[PDB]
Protein chains: 6
Amino acid sequence: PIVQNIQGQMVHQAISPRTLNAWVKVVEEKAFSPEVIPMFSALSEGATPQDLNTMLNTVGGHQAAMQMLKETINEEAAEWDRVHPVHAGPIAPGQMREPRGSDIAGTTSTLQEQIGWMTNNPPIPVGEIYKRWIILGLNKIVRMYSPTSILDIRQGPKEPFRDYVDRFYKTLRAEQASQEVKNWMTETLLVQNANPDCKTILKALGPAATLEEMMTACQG
Amino acid sequence: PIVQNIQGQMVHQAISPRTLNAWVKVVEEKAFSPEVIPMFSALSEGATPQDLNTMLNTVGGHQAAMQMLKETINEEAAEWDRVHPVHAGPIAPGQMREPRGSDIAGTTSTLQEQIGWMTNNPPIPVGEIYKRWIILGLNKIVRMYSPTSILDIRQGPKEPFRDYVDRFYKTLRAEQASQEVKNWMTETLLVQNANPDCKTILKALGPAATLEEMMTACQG
Amino acid sequence: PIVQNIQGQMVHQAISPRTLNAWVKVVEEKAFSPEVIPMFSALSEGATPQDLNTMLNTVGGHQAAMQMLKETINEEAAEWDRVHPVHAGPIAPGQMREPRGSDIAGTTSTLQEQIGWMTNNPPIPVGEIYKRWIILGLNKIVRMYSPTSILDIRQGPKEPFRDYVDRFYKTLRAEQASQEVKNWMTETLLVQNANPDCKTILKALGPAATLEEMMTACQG
Amino acid sequence: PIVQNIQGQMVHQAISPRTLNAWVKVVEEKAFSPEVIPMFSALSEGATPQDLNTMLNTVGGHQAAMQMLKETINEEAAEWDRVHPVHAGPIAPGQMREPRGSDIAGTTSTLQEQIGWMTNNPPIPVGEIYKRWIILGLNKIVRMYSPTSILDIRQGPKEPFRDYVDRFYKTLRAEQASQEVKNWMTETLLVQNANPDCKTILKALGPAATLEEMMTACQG
Amino acid sequence: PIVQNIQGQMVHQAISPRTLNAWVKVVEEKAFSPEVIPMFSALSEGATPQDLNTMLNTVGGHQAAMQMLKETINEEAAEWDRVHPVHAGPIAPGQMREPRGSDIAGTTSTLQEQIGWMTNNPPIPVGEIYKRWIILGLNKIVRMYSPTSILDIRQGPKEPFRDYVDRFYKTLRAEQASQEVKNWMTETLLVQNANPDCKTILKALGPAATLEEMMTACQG
Amino acid sequence: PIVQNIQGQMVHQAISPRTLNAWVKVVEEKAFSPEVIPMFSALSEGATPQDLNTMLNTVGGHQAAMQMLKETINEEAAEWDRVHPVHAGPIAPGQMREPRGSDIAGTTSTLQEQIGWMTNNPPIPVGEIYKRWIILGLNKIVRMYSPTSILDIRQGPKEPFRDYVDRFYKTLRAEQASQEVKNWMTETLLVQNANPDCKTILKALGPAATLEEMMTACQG
């Protein structure tokens with residue numbers, strides 16, 4: 001990737017095998033979860049788009065999500081070339097060409113062009129935009145891979161409350177809902193779809209119950 | 001994490017993959033125990049708020065504990081903002097603004113802001129404050145995750161005394177309380193739930209004696 | 001491979017033992033997956049023909065595939081020698097001789113000659129051409145290694161649509177086709193060889209629908 | 001710990017997570033062996049007292065040994081405070097204050113104070129004294145862990161001499177005795193509790209013989 | 001191994017412990033395979049004769065093969081000394097003496113001698129000659145360790161054709177012979193010991209046909 | 001240990017935990033073999049005597065060999081202080097004291113004295129002499145650990161020849177015999193203690209048989 005030396009001038013570095021090996025291993029073990037996105041954002045930090053493309057191509061299995069993220073990249077590139085037209089025809093000497101929809105991903109562009117683009121003054125955050133697009137794609141993927149809806153979460157007659165609320169927060173974290181509606185529903189749907197005795201206990205305790213109080217009361 | 005080193009201190013390195021991978025593995029194998037608190041304190045010695053956010057987001061499972069930790073951090077940030085109000089009006093040029101209650105959690109701040117706040121003269125230990133917040137959250141988590149109470153610890157007819165006192169001290173360390181009452185409770189509970197042989201041995205020895213003599217008395 | 005020292009001259013670094021061991025182990029683990037070609041492409045970034053030959057010869061097993069790729073290498077070298085003439089005479093300083101097919105293959109070349117050919121101005125991409133030939137041979141072998149045909153794979157009565165589309169994309173990646181017509185298969189046959197219920201669902205929704213919405217409709 | 005950069009000034013480098021991981025793994029697999037104390041001595045080469053505190057706190061289980069070593073640390077700190085008076089007043093530049101037992105332990109001190117104390121002229125070996133106290137506590141713990149006394153081991157009728165002398169030395173490495181008397185012990189108890197036939201063999205050969213010839217004679 | 005790099009080339013580094021451990025593991029698990037010669041050629045790329053001796057001394061088991069390798073190396077060194085006699089009389093000042101037959105094996109030489117021999121102008125590649133000796137010895141070892149002869153390889157009624165030709169080519173690579181007979185023996189031995197159906201298929205295809213068509217003919 | 005920087009000036013470095021863990025694993029898996037002496041010589045190359053002392057003290061089990069190597073170290077130190085008398089009473093300014101029998105091992109000498117001795121001009125190879133003494137001690141240990149004498153090896157009526165000659169060469173390499181007598185007995189004891197039929201077959205070939213002939217003829 002990209003490393004910073006104590007001198008001040010940075011150079012290009014090839015992709016290390018350890019990072020891609022760890023990525024493949026965590027994809028195999030952790031098939032799909034909300035945690036795969038922060039780990040991907042922290043592992044591919046400061047990397048060329050070719051490195052991210054190779055990481056997305058070396059993963060074995062789950063080709064549906066790969067096609068989904070590829071279509072998302074294509075749509076984002078189309079929107080980019082639609083909203084950013086090429087008004088300047090000629091190119092000034094010493095300046096490189098502007099990254100287009102197919103060049104921002106690295107399909108028809110070599111590594112030297114990406115190096116010259118990211119090392120410009122001022123730099124062009126092509127890698128950052130590509131990482132943001134991949135993060136949006138992974139968000140869409142983990143939203144699609146939700147086992148069930150948040151409304152369909154109902155505690156059974158004998159199922160404990162710990163695993164119930166765990167699955168509730170798990171299926172709520174992967175939902176694409178905003179923070180406001182999530183904070184609004186986490187105070188109502190948690191108590192309305194609980195064990196009847198524990199539900200009545202929590203309702204009689206008061207309308208200002210917190211997490212620890214509910215955990216201590218619902219288990220008694 | 002931020003690195004203070006020889007000339008060229010203006011550098012920022014992301015979290016190493018090995019560290020976060022080992023953290024995920026140990027929080028997976030060791031789901032929740034008071035051992036994880038010194039581990040987190042050592043793995044995040046002088047780390048950035050974004051690094052701590054990534055470390056808290058990389059752990060998979062146990063969403064209830066994460067929600068409790070988040071709400072404790074929010075409550076403590078609100079308390080800090082209440083006790084440390086922000087000054088109104090224009091800020092002085094060249095003087096960095098004091099970190100707000102929400103800026104400590106890193107939810108509405110950027111990397112350059114915390115970099116300038118940590119490398120200021122004098123430095124502002126916001127990272128240490130957030131680490132203390134996470135430590136308090138983990139304390140509350142390991143206190144609410146206790147399956148058996150400290151009082152219910154009673155040594156059986158065949159359970160060894162060493163394993164009994166080890167379990168007792170582990171349960172005592174799992175709970176957080178003032179040491180001034182801990183000194184009394186350990187003495188009023190250790191010599192009461194032992195085997196009859198060890199009980200009469202410690203009665204013949206003396207209550208005000210040390211612990212090593214009690215360990216070497218009823219051994220074997 | 002070839003690396004650049006910090007503020008130094010271009011020097012040649014030896015083969016990576018850890019990378020070679022990782023490759024020889026990942027071969028055994030994933031004996032033949034479609035990702036082995038991107039894996040080799042990422043592990044052989046800027047590698048020398050001698051290192052590539054050693055990495056090919058160090059693999060245990062798959063001797064039939066090794067013989068096939070060697071035959072393809074010989075055919076490519078013969079085609080290169082036929083399309084590019086060979087000249088002889090005195091070797092002037094600063095200019096290298098005309099590389100022959102056996103010189104491109106690296107069987108009758110040496111390390112110093114390879115370094116002189118790859119570090120010339122302009123550089124002769126002998127290693128790049130050899131890597132392209134190797135990945136083309138691997139593509140041929142993985143196309144021959146296709147168990148189920150793209151035109152022979154059909155969704156069963158009890159086979160889930162997720163596994164169906166996964167195997168469909170795997171067979172599409174494993175078969176041979178051009179980039180332009182590649183979309184025609186995944187656009188037509190994917191809906192023409194599916195279950196009748198989801199066929200009617202997609203026909204009622206619209207053929208222009210994307211994979212995400214068509215799968216969310218076929219699941220419901 | 002403390003390291004010296006090449007042609008640089010003495011700077012304090014952060015702790016290594018792999019060191020703590022190896023430490024916790026070796027204390028988990030090898031719960032309490034005689035060699036774990038040289039292991040700790042080699043892992044804590046030139047480390048700050050905070051590093052040793054974190055390393056001791058990161059250990060999972062065996063809280064009785066932790067309480068015992070904490071009591072020994074408190075006793076050593078009290079003895080140091082009693083033997084070394086404490087003075088107060090203005091702190092002159094270039095000279096540090098009188099370290100107190102609570103400061104030697106590192107429980108009520110910070111990092112910058114320890115750094116200034118260890119990098120002063122002349123250096124105050126606070127970390128060395130703390131490491132000596134910790135290894136003395138570990139010696140006490142490993143002596144308490146010894147199940148069999150030095151005088152309680154005797155060679156059986158069917159037990160070979162190799163395993164006998166191995167267990168004898170393993171028990172001697174965990175007893176409480178000085179080297180001067182340890183020499184006499186390993187000289188006389190080895191022949192006093194041996195096999196009668198090999199006893200007569202060694203008496204005919206001579207007590208001043210080395211262990212090699214004694215073992216070769218007892219085997220034959 | 002020798003390190004040819006930027007200014008400061010006068011340096012000799014011992015074999016890395018990780019590479020030696022990997023070699024020990026690949027020798028212990030895979031005692032002898034036709035792919036161990038490329039493994040040795042890659043792990044010992046540009047190494048001093050002392051490093052090669054240390055690698056050959058750390059082998060576990062198979063002492064007869066090591067004795068065969070040693071006697072073959074001695075015979076080849078004697079042949080080299082016979083074909084390259086050493087000049088008598090005083091040596092010229094400043095000119096390094098030519099390596100003798102026994103000096104190549106490193107049995108009567110030191111480290112400084114071989115360092116000066118490999119770093120002379122022009123360099124004397126004695127390490128490459130010793131590596132050739134070692135790989136010839138390994139070829140003799142793997143040819144002697146052949147459990148079943150090449151002629152006795154016959155495909156059963158149920159064994160697949162791909163695995164059959166893989167085993168055939170593996171056994172052919174394990175044996176070292178001239179190139180002008182192998183291409184004839186493979187053609188005169190493969191199309192005779194196949195399945196009756198595959199035999200009729202290849203008889204319907206043609207003897208002078210390629211191998212890929214034979215592989216894709218009787219597949220499945 | 002001791003590392004060489006690119007600048008030219010070397011500094012002291014603490015013992016890495018990875019090498020110590022590797023040594024412990026080698027000792028645990030392979031208790032004692034004639035091949036571990038080269039492993040120790042290549043792993044502890046250029047290390048301070050304190051590092052070797054810690055490595056010899058961190059080993060778990062087989063304390064007989066540890067006592068043997070300690071006695072050999074003591075005997076070598078006694079011989080050193082006997083053959084090297086201290087004829088110079090006073091010490092010149094700027095010169096360090098001469099290493100005595102107890103100082104050459106590091107019992108009553110700190111690490112700073114060893115660093116000053118090894119970095120002197122000219123350097124005093126204390127570490128090299130200590131490594132040679134440890135190598136001699138390990139040689140004595142592996143000689144004592146020999147299973148039986150070379151004469152006791154006799155091939156049974158049904159025991160194969162491969163394992164027979166393997167054990168023969170193993171106990172020959174583990175034997176303290178010189179190079180001449182080993183080559184003298186390897187031509188006689190191998191043919192005189194074999195299977196009678198294969199013995200007569202090998203004797204009918206002649207007195208100029210090689211190892212490959214002995215292997216290929218005795219198996220027929």
# chains A, B, ... in the order shown; residues from 1 in each chain; ligands from 1
call {"tool": "closest_atom_pairs", "arguments": {"of": "chain E", "to": "chain C", "cutoff": "9 Å", "atoms": "only C-alpha atoms", "output": "CSV"}}
result
residue,atom,partner,partner_atom,distance
E:3,CA,C:13,CA,8.9
E:4,CA,C:11,CA,8.3
E:5,CA,C:11,CA,6.2
E:6,CA,C:8,CA,7.0
E:18,CA,C:18,CA,8.6
E:19,CA,C:17,CA,6.8
E:22,CA,C:21,CA,8.2
E:33,CA,C:60,CA,7.8
E:34,CA,C:60,CA,7.5
E:35,CA,C:58,CA,5.2
E:36,CA,C:58,CA,7.0
E:37,CA,C:58,CA,7.7
E:38,CA,C:58,CA,4.9
E:39,CA,C:58,CA,5.6
E:41,CA,C:54,CA,7.7
E:42,CA,C:54,CA,6.6
E:43,CA,C:17,CA,6.2
E:45,CA,C:14,CA,7.4
E:46,CA,C:14,CA,8.5
E:162,CA,C:64,CA,7.8
E:163,CA,C:62,CA,8.8
E:165,CA,C:64,CA,6.5
E:166,CA,C:64,CA,5.2
E:167,CA,C:63,CA,7.8
E:168,CA,C:63,CA,8.5
E:169,CA,C:63,CA,5.7
E:170,CA,C:63,CA,5.9
E:173,CA,C:63,CA,8.4
E:211,CA,C:68,CA,7.7
E:212,CA,C:68,CA,7.1
E:215,CA,C:144,CA,8.9
E:216,CA,C:144,CA,7.4
E:220,CA,C:147,CA,8.7
call {"tool": "write_last_selection", "arguments": {"atoms": "C-alpha atoms", "output": "PDB file, in the first residue's frame"}}
result
ATOM      1  CA  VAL E   3      23.368  -9.796   0.037  1.00  0.00           C
ATOM      2  CA  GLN E   4      24.100  -7.712  -3.073  1.00  0.00           C
ATOM      3  CA  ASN E   5      22.544  -4.301  -2.441  1.00  0.00           C
ATOM      4  CA  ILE E   6      23.374  -0.585  -2.186  1.00  0.00           C
ATOM      5  CA  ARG E  18      11.984 -18.823   9.827  1.00  0.00           C
ATOM      6  CA  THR E  19      13.324 -20.208   6.539  1.00  0.00           C
ATOM      7  CA  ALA E  22      10.071 -24.008   7.154  1.00  0.00           C
ATOM      8  CA  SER E  33       8.747 -35.518  -3.121  1.00  0.00           C
ATOM      9  CA  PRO E  34       9.612 -34.734  -6.761  1.00  0.00           C
ATOM     10  CA  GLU E  35       9.054 -31.045  -5.880  1.00  0.00           C
ATOM     11  CA  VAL E  36      11.732 -30.770  -3.170  1.00  0.00           C
ATOM     12  CA  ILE E  37      14.454 -29.801  -5.683  1.00  0.00           C
ATOM     13  CA  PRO E  38      12.704 -26.519  -6.638  1.00  0.00           C
ATOM     14  CA  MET E  39      11.993 -25.941  -2.939  1.00  0.00           C
ATOM     15  CA  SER E  41      16.611 -24.086  -5.155  1.00  0.00           C
ATOM     16  CA  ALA E  42      14.237 -21.335  -4.003  1.00  0.00           C
ATOM     17  CA  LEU E  43      15.033 -21.445  -0.276  1.00  0.00           C
ATOM     18  CA  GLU E  45      18.964 -18.892  -3.753  1.00  0.00           C
ATOM     19  CA  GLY E  46      22.434 -17.357  -3.539  1.00  0.00           C
ATOM     20  CA  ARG E 162      -6.931 -37.364 -15.069  1.00  0.00           C
ATOM     21  CA  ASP E 163      -5.563 -38.786 -11.813  1.00  0.00           C
ATOM     22  CA  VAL E 165      -2.037 -39.174 -16.122  1.00  0.00           C
ATOM     23  CA  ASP E 166      -1.198 -36.959 -13.133  1.00  0.00           C
ATOM     24  CA  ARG E 167       0.425 -39.904 -11.344  1.00  0.00           C
ATOM     25  CA  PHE E 168       2.175 -40.916 -14.578  1.00  0.00           C
ATOM     26  CA  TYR E 169       3.669 -37.465 -15.150  1.00  0.00           C
ATOM     27  CA  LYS E 170       4.622 -37.208 -11.466  1.00  0.00           C
ATOM     28  CA  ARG E 173       9.256 -36.066 -13.358  1.00  0.00           C
ATOM     29  CA  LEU E 211      -2.684 -34.147 -24.934  1.00  0.00           C
ATOM     30  CA  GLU E 212      -5.382 -31.545 -24.218  1.00  0.00           C
ATOM     31  CA  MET E 215      -7.827 -34.984 -21.565  1.00  0.00           C
ATOM     32  CA  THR E 216     -11.072 -33.383 -22.769  1.00  0.00           C
ATOM     33  CA  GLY E 220     -16.470 -37.474 -17.100  1.00  0.00           C
TER      34      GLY E 220
END
call {"tool": "residues_around", "arguments": {"residues": "residue 177 in chain C", "least_positions_apart": "4", "cutoff": "12 Å", "atoms": "only C-alpha atoms", "output": "VMD selection string"}}
result
chain C and resid 139 to 140 143 150 171 to 173 181 to 186
call {"tool": "write_last_selection", "arguments": {"atoms": "N, CA and C atoms", "output": "PDB file, in the first residue's frame"}}
result
ATOM      1  N   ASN C 139      -5.907 -19.627 -17.176  1.00  0.00           N
ATOM      2  CA  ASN C 139      -7.281 -19.451 -17.634  1.00  0.00           C
ATOM      3  C   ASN C 139      -7.733 -20.640 -18.472  1.00  0.00           C
ATOM      4  N   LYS C 140      -6.872 -21.114 -19.374  1.00  0.00           N
ATOM      5  CA  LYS C 140      -7.223 -22.276 -20.186  1.00  0.00           C
ATOM      6  C   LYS C 140      -7.445 -23.511 -19.318  1.00  0.00           C
ATOM      7  N   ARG C 143     -10.667 -23.198 -17.420  1.00  0.00           N
ATOM      8  CA  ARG C 143     -11.809 -23.398 -18.306  1.00  0.00           C
ATOM      9  C   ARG C 143     -12.015 -24.877 -18.596  1.00  0.00           C
ATOM     10  N   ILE C 150     -22.359 -23.989 -18.421  1.00  0.00           N
ATOM     11  CA  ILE C 150     -23.248 -22.849 -18.215  1.00  0.00           C
ATOM     12  C   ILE C 150     -24.587 -23.087 -18.901  1.00  0.00           C
ATOM     13  N   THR C 171     -20.077 -20.806 -12.879  1.00  0.00           N
ATOM     14  CA  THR C 171     -19.927 -21.390 -14.207  1.00  0.00           C
ATOM     15  C   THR C 171     -19.665 -20.324 -15.263  1.00  0.00           C
ATOM     16  N   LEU C 172     -20.260 -19.137 -15.113  1.00  0.00           N
ATOM     17  CA  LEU C 172     -19.987 -18.053 -16.051  1.00  0.00           C
ATOM     18  C   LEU C 172     -18.540 -17.588 -15.947  1.00  0.00           C
ATOM     19  N   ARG C 173     -18.006 -17.523 -14.725  1.00  0.00           N
ATOM     20  CA  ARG C 173     -16.606 -17.152 -14.546  1.00  0.00           C
ATOM     21  C   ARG C 173     -15.667 -18.243 -15.045  1.00  0.00           C
ATOM     22  N   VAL C 181     -20.213 -10.101 -24.857  1.00  0.00           N
ATOM     23  CA  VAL C 181     -21.298 -11.079 -24.800  1.00  0.00           C
ATOM     24  C   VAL C 181     -21.477 -11.676 -23.413  1.00  0.00           C
ATOM     25  N   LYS C 182     -20.542 -11.424 -22.492  1.00  0.00           N
ATOM     26  CA  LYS C 182     -20.653 -11.978 -21.145  1.00  0.00           C
ATOM     27  C   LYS C 182     -21.922 -11.509 -20.443  1.00  0.00           C
ATOM     28  N   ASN C 183     -22.366 -10.281 -20.719  1.00  0.00           N
ATOM     29  CA  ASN C 183     -23.581  -9.778 -20.088  1.00  0.00           C
ATOM     30  C   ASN C 183     -24.828 -10.448 -20.653  1.00  0.00           C
ATOM     31  N   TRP C 184     -24.780 -10.884 -21.915  1.00  0.00           N
ATOM     32  CA  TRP C 184     -25.954 -11.490 -22.535  1.00  0.00           C
ATOM     33  C   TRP C 184     -26.369 -12.765 -21.811  1.00  0.00           C
ATOM     34  N   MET C 185     -25.398 -13.600 -21.434  1.00  0.00           N
ATOM     35  CA  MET C 185     -25.715 -14.833 -20.721  1.00  0.00           C
ATOM     36  C   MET C 185     -26.364 -14.535 -19.375  1.00  0.00           C
ATOM     37  N   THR C 186     -25.683 -13.756 -18.531  1.00  0.00           N
ATOM     38  CA  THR C 186     -26.211 -13.444 -17.207  1.00  0.00           C
ATOM     39  C   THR C 186     -27.488 -12.615 -17.253  1.00  0.00           C
TER      40      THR C 186
END
call {"tool": "atom_distance", "arguments": {"atom1": "CA of residue 72 in chain B", "atom2": "CA of residue 137 in chain B"}}
result
6.2 Å
call {"tool": "atom_distance", "arguments": {"atom1": "CA of residue 193 in chain B", "atom2": "CA of residue 155 in chain B"}}
result
5.9 Å
call {"tool": "calpha_fit_rmsd", "arguments": {"fixed": "chain C", "moving": "chain B"}}
result
1.4 Å
